[PDB]
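Residue numbers (my numbering): 1 to 229. Input: a single structure, listed below in structure tokens.
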């Protein structure tokens, strides 16, 4: 099993996309930081081993997992049917739903999605994300502005070039640092789990028991309230 390989090697090689705030990213000087990062350190403390983050492209992070470049994937990965065909997921540690970020000035007169389905409304999204899809299917009449990252869209909604922005709930919760304000959309959400290789119940159940215990003692709630307010 990979578990024995880890406890023998003495290090937990964690594969991640070091550019997916606030789950995993770089700091002022090369080091790693994020929710999944602290979680990775916690699991590495559970194993009793050191931590080694292996930065990999989001596109080729699953084949890298399957080729044994690292033992586990922790990068806010969404559990999808297409991915469960390739890799096994652990039990959900985070729930990412669709959330709109707006200015505090517009805290009133805004109920839900349909309140922004006007053609004079300007919303911003990150290109290629599910937030873009949600902004398409639920806000078609409004102008859609796509950007490289969520920070640029956030700048656009803060400055005034955008009435709102559409992003994931953890991201929107993170950017609340407070000036703007958060509105959640009621429909459905997405599960987030860690990813390991096929045919390894030992590591899987270890991860699940460790997560269960971290939710049982309350450490997970501490780490959750730390990052997502």
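Ideal Cβ placement from N, Cα and C applies to all residues, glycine included.
For residue 139, there is no enclosing beta strand (DSSP E), since its DSSP letter is neither H nor E. Counting every other CB atom within 10 Å of its CB across the protein chains shown gives residue 58 a total below 16, marking it as exposed.
Between residue 180 and residue 10, the alpha-carbon positions lie close to 44 Å from each other. Residue pairing for residue 100: DSSP places it in a beta bridge opposite 166 and 183. Between residue 99 and residue 172, the C-beta gap is smaller than 7 Å, which places the two residues in contact. Residue 109 has no beta-bridge partner at all, per DSSP.
One alpha carbon belongs to residue 141, the other to residue 119, and they sit about 5 Å apart. If you check the CB distance, residue 64 and residue 56 come in under 7 Å.
Of the residues 162, 220, 131 and 207, the one whose Cα lies closest to the Cα of residue 188 is 131.
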